[PDB]
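Asks: Quick one: structure below, then a few questions.
Read-outs: derived from the displayed coordinates by stated rules, not from any lab. Backbone-built Cβ (ideal geometry, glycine too); neighbour counts: all protein chains shown.
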Amino acid sequence: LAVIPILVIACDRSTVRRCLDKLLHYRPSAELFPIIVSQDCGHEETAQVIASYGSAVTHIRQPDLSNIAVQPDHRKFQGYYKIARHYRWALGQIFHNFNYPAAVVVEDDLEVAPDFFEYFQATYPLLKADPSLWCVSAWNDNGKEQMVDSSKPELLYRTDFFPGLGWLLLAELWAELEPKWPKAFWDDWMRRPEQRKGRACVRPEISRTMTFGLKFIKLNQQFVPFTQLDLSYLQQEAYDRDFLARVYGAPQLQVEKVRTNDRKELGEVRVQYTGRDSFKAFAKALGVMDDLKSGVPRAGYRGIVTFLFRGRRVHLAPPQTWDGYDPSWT
Ligand code: MMC
C-alpha cells in the first residue's frame, strides 16, 4: 500500500462540505490518503467551513488574490486565468512543499464513490510502471446510467481523452508540465498533443466521481476490490492487442440498425465511421458525446468510443488503418 494525497481545489462554495464529508467517510486511512484542501479566493464562509474539520485535513490558501492581466481575446475569461493560477500553485505545493510522489486532484463539486480510494490504490502501480499512461481518472465521459453495464462495475479501459474530474498524476508529470503551464484553459491545454504526447489515462466503465450543485453521469455504488483483481490487461502491450482484436473482430452494423435495436443476438458490435462528419452524426444518433478536443473524441482510444446502447456493447470506431488523431476534426 502507498501513500497518495487527495488535493481538493476549493474557492467560494460552502458546499465543499459535501465533497469533504464523502471523502472522509470513505477514506480507509488518514495516513494512506492525507487530504489537502487548497482554497483560492479568500471566501470567508468557505474558509470557516474547511477550518472546522480541524486535523482531518490540511487547509492551505492560495496567496495571490490579485486580478490577472488577460490577453485581448479573453476579457470575459478572468475566472479561467485564476483557475489556472490556482492549479499551478496548489500542484506546486503538493509536489514541492509537501514533496508527495503523486496526487489525486479533485474539485470541490465532486462526490466520490465507495471504492474511490480502492480504485486509485490499485491503479497507482500501473501508472508508475507504464510510461504510456499519464493519468488515472475516475470519470467515464459517456457514463450515464443507460450507457454503462451495471453488471461490470470492475471493468476498466484506456482512453486518449484526458477526462480530469478526479485524476491521479505523478510528481514526474508535474515536473514536465510546470515549466510551460498555461495562462488559462489548463485542461484543454493538457489535451493538446504537444502536452499529451500520445499518452493515455485509465478510466472506468462506471464513474467513481459525480458532480453536484456532466450531471447525468452515474456514480458507482457497488464497492469493487480493485486491489484484489488482476489489472495486467491494462498494460499497453496487452490492451492494444486484445482490446483492438475484440473491437475489430466484432460484427459491423449500420448505425440505424443499432439505433433501432436490430439483430439483438449480437451483444457486441462495431459501428464504423469514416470521416469527421460521419463520426459526429453517428455519435449524435447513438447519444454519445460528439465533441472533440484536439481531434480526440470523449472516452476515445485509437479513435474508438465504447459504450452500452440498449444493453448492447457498441464500439464507434474508425477503420483499423487508423494512425493518429487529426486536430482539425473540430
Ligand atoms: C472528490 Hg471531492
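Asks: Mind listing the long-range amide H neighbours of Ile60? Cut-off is under 5 Å, sequence gap 5 or more, other chains count too, H placed in the peptide plane at 1.01 Å from N.
Replies: Those qualifying (amide H under 5 Å, at least 5 residues apart or on another chain) are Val37, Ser38, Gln39.
Asks: Students often get this wrong, so check it: of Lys82/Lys197; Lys128/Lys218; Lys22/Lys218; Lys218/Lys284; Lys22/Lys215, which have C-alpha atoms separated by over 22 Å?
Replies: Over 22 Å Cα-Cα: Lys82/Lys197; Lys128/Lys218.
Asks: How many angstrom lie between the Cα centre of the stretch 1-48 and the Cα centre of the stretch 211-243?
Replies: 23
Asks: If you average 1/r over all unlike Cα pairs in the stretch 104-262 and invert the result, what Kirkwood radius do you get in angstrom?
Replies: With all distinct Cα pairs of the stretch 104-262 included, I get 16.9 Å.
Asks: Then there is this: State the Cα centre-to-centre distance between the stretch 99-168 and the stretch 271-314 in whole Å.
Replies: Here the answer is 20 Å between Cα centres.
Asks: Something else now. Compute the normalised compactness of the stretch 96-158: alpha-carbon radius of gyration over 2.2 N^0.38 Å, N being the residue count.
Replies: 1.29
Asks: Taking K and R as +1 and D and E as -1, what net charge do the other residues with C-beta under 12 Å from the C-beta of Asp12 add up to?
Replies: Within the 12 Å Cβ shell, the charges total -3.
Asks: Over the Cα atoms of the stretch 2-214, what radius of gyration and what Dmax do you get, in Å?
Replies: 16.8, 51
Asks: Quick one: in the stretch 250-329, what % of C-alpha pairs are over 20 Å apart?
Replies: 24
Asks: Would you grab the residues whose amide H sits under 5 Å from the one on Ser14? Only those 5+ places off in sequence or on another chain, please, with H modelled 1.01 Å from N.
Replies: Long-range HN contacts for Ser14: none found.
Asks: Here is a further query. Going by average Cβ density within 10 Å per residue, which order do the peptides 230-240, 15-25 take, highest to lowest?
Replies: Top to bottom by mean Cβ count within 10 Å: 15-25, 230-240.
Asks: Provide, in order from the shortest bin, the percent of all Cα-Cα pairs of the stretch 197-330 in each 5 Å bin, continuing until the bin that contains the maximum pair distance.
Replies: 2, 8, 18, 20, 21, 17, 10, 4, 0
Asks: Scan the stretch 26-97 for GluC sites (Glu not before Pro) in coil per DSSP, keeping those whose Cβ has at most 16 other Cβ atoms within 10 Å, and list them by number.
Replies: Passing sites in the stretch 26-97 are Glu31.
Asks: With r as the distance between the Cβ atoms of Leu65 and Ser14 and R0 = 22 Å, compute the FRET efficiency 1/(1 + (r/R0)^6) and round to 0.05.
Replies: 0.75
Asks: Also, I was wondering about something else. Would you mind getting the Kirkwood hydrodynamic radius of the stretch 176-221 from its Cα pairs, rounded to one decimal in Å?
Replies: In the stretch 176-221 this quantity evaluates to 13.2 Å.
Asks: Still on this structure: Show me, for the stretch 62-79, the HN-Hα J-couplings you get by feeding each phi into the Karplus relation (A = 6.51, B = -1.76, C = 1.60, θ = phi - 60°), rounded to Hz, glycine and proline as x.
Replies: Karplus values, whole Hz, x for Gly and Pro: 4, x, 9, 8, 6, 6, 9, 6, 9, 6, x, 8, 10, 3, 7, 10, 3, x.
Asks: Which whole-Hz couplings ³J(HN,Hα) result when phi for each residue of the stretch 87-100 is put into the Karplus expression 6.51 cos²θ - 1.76 cosθ + 1.60, θ = phi - 60°, listed in order with x for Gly and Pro?
Replies: 3J(HN,Hα) across the stretch 87-100, in whole Hz: 4, 4, 5, 5, 5, x, 4, 4, 8, 9, 5, 7, 6, 6.
Asks: Under the Cβ-under-4.7 Å rule, which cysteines of the chain stay unpaired?
Replies: Isolated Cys, the chain: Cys19.
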